[PDB]
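Reading through the structure tokens given below for one structure.
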Amino acid sequence: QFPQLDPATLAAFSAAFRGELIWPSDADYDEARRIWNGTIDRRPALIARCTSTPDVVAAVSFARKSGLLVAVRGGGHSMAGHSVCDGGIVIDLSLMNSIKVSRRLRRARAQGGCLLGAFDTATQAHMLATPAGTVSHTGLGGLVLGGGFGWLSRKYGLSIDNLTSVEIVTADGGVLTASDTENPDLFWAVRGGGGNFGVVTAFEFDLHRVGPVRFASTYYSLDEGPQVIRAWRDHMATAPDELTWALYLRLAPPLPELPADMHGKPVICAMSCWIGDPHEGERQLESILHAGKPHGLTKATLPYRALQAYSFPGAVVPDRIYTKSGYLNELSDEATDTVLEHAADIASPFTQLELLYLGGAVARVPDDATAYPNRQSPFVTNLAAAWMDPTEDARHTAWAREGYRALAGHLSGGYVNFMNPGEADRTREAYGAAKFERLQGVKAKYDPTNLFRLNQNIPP
Ligand SMILES: Cc1cc2nc3c(=O)[nH]c(=O)nc-3n(C[C@H](O)[C@H](O)[C@H](O)COP(=O)(O)OP(=O)(O)OC[C@H]3O[C@@H](n4cnc5c(N)ncnc54)[C@H](O)[C@@H]3O)c2cc1C
């Protein structure tokens with residue numbers, strides 16, 4: 001964290017850098033190096049809080065010339081801890097939060113450090129939206145470059161399926177535009193290939209009109225686990241794009257809507273919504289709400305921005321997390337039973353075994369159209385352990401590991417944006433031989449020195 005820096009190279013950097021630099025001796029250094037995954041404790045030599053594209057140019061070129069290991073940071077939610085490093089530079093984008101929306105053209109230009117909630121707020125000023133993740137403080141930058149799915153995804157695709165161009169700062173310090181008509185090889189790679197190919201300082205999106213959303217959440221006893229998941233699995237195979245339905249197995253929150261008898265016990269929290277007319281959605285949601293007997297049932301007509309802000313109503317921000325995720329082509333009765341066995345052993349009130357159904361518009365993009373793999377797998381299982389006590393790491397990590405291992409045989413692929421710090425190994429398997437090979441050629445061209453290796457890495 002104290003390498004010798006050449007005063008010449010450093011001087012040129014600050015002359016060209018209009019941002020704020022955070023050094024290990026500064027008082028805000030310890031807070032600035034913390035990311036969402038609180039198990040990641042790392043001490044960069046320097047934190048560069050970039051405020052503009054020229055700032056990112058200055059920082060990238062200062063890292064290349066100085067040979068510093070490069071962490072790039074959007075919203076900080078890397079479950080692998082990629083957005084902070086030991087001994088290098090954090091290229092921090094969090095201050096680059098500015099959005100422009102044209103309601104007439106249904107387009108949004110968003111800087112590379114935006115949080116989802118800032119994006120959704122800006123577009124919803126005009127009743128517009130585009131798919132993103134379900135938790136507002138997730139960074140738009142990392143989420144999009146991995147694909148990005150959420151409430152709107154079954155209707156309007158992944159985030160990358162609404163992305164029309166990017167401004168990206170490559171390792172040599174140049175600034176490029178990547179679109180379907182300009183460096184289209186790089187535009188294929190950034191739509192699914194992570195931060196491997198440069199620092200995206202601006203995303204441009206197509207927008208869709210999204211009015212009020214009929215929404216429901218409820219909790220089921222696990223005694224009805226088998227019926228519920230089986231009805232969930234069977235129904236989403238032929239469900240319309242407009243219905244999104246998700247299962248979150250977890251300890252029941254000690255909330256008033258819920259009988260105190262269920263507090264602190266493993267339950268299925270089913271959340272659903274209808275991206276369409278709210279009268280149709282009311283009928284549609286009631287059709288899928290009694291696969292089991294629903295407790296703490298809350299139904300609401302929400303502005304889309306409120307739906308985006310809903311997940312999840314927790315009492316405490318979890319400090320420590322560990323993830324194991326994977327896709328499934330099918331969810332058999334045998335996998336359902338294993339999912340239910342391991343859900344019953346959930347110990348922390350912050351931990352969720354998530355069961356998602358993508359499909360819809362996601363699965364109708366041709367496989368090779370983006371670098372995002374597994375479009376044809378509809379199911380996503382995510383063993384998402386979360387806790388507070390650093391002395392309980394082993395217990396919560398062991399729950400996700402053994403849950404993943406008993407589901408291994410059914411798992412068919414992995415989402416790069418759910419990889420944990422010990423899963424660099426999984427990269428080529430995750431993308432598949434054909435996609436990986438094309439990504440390596442784009443890397444060889446755009447980042448031959450692998451300047452950007454703090455990601456699900458693709459070596460050139
Ligand atoms: C609580 C939580 C909820 C989530 N919900 C969803 C969800 O609903 N749907 C979904 O699809 N995913 C979801 N994710 C996963 C999310 O997409 C990834 O964790 C993503 O990497 C987070 O982006 P970030 O910028 O916040 O993370 P960071 O730690 O800042 O960055 C993650 C990676 O992206 C790179 N990166 C970030 N910004 C840029 C940029 N501008 N240019 C180049 N590289 C960049 C970083 O170098 C790093 O490798 C969730 C994650 C968390 C922790």
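What's counted below: heavy atoms across the whole structure, side chains too, no hydrogens, waters or symmetry copies. For reference, positions follow the sequence shown, starting with 1.
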Angle class for the [X]/[Y] ring planes (parallel below 30°, perpendicular above 60°, tilted otherwise)?
X	Y	result
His396	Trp387	parallel
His77	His137	tilted
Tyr415	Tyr327	perpendicular

Is it true that [X] and [Y] make a salt bridge, defined as a side-chain N closer than 4.0 Å to a carboxylate O?
X	Y	value
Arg395	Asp345	no
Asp206	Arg107	no
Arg320	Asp393	yes
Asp368	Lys435	no
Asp92	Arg49	yes

Write down the atom of [X], the atom of [Y], and the distance for their closest heavy-atom approach.
X	Y	result
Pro131	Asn162	CD-ND2, 3.3 Å
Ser61	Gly173	OG-CA, 3.6 Å
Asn374	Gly413	ND2-CA, 3.9 Å
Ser377	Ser412	OG-OG, 3.2 Å
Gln456	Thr427	OE1-OG1, 2.7 Å
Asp447	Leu451	OD1-N, 2.8 Å

Look at atom CZ of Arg103 and say whether more than 12 heavy atoms of other residues, nucleotides or ligands are closer to it than 6.0 Å.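 It does not: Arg103 CZ has 12 such atoms or fewer within range.
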For atom NZ of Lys65, decide whether the heavy atoms of other residues, nucleotides or ligands shown that lie under 6.0 angstrom number more than 12.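 Counting neighbours around NZ of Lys65, 12 or fewer heavy atoms of other residues, nucleotides or ligands fall under 6.0 Å, so no.
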Stepwise, does the side chain to side chain contact (heavy atoms under 4.5 Å, CB included) test hold for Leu152 with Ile275? CA-CA 7 Å; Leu152 290 187; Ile275 303 315; 3.7 Å; yes
Are [X] and [Y] close enough that their ring centers fall under 6.0 Å?
X	Y	value
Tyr357	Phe379	yes
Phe62	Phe17	no
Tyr372	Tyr431	no
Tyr219	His295	no

Would you sort out whether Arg106 and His126 count as a side chain to side chain contact (heavy atoms under 4.5 Å, CB included), showing the intermediate values? CA-CA 9 Å; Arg106 308 214 160 164; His126 311 279; over 6 Å; no
Of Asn420, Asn417, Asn382, which meets side-chain hydrogen bond (donor to acceptor under 3.5 Å, both in side chains) against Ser325?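 Exactly one pass, corresponding to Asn382.
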Test log, rule side chain to side chain contact (heavy atoms under 4.5 Å, CB included), inputs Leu186 and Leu176: CA-CA 10 Å; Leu186 177 60; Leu176 307 176; 4.0 Å; yes
Close side-chain approach of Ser179 to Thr164, heavy-atom, < 4.5 Å: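 In short, these two side chains do not touch, never coming nearer than 4.5 Å.
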For a 4.5 angstrom cut-off between non-hydrogen side-chain atoms, does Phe436 reach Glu429?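 The answer is no, as the side chains (C-beta and beyond) never meet within the 4.5 Å cut-off.
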Between [atom1] on residue [X] and [atom2] on residue [Y], distance to nearest 0.5 Å:
X	Y	atom1	atom2	answer
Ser83	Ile35	OG	CD1	4.0 Å
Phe203	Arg109	CZ	CZ	11.0 Å
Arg43	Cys85	CZ	SG	13.0 Å
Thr121	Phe119	OG1	CZ	11.0 Å
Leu207	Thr123	CG	OG1	6.0 Å
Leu249	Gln352	CG	CD	9.0 Å

Modelled atom types, side-chain donor and acceptor of [X] and [Y], under 3.5 Å:
X	Y	value
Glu167	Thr201	yes
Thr177	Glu182	no
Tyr446	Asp185	yes

Quick one, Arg375 with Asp161, criterion side chain to side chain contact (heavy atoms under 4.5 Å, CB included). Give me CA distance, side-chain angles, the key distance, then yes/no. CA-CA 12 Å; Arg375 277 178 190 274; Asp161 294 325; 2.7 Å; yes
Checking side-chain contact (heavy atoms from CB on, under 4.5 Å) between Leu247 and each of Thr381, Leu356, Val339, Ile268, which is the one that passes?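 When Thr381, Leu356, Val339, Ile268 are each tested with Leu247, the side-chain contact (heavy atoms from CB on, under 4.5 Å) holds only for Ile268.
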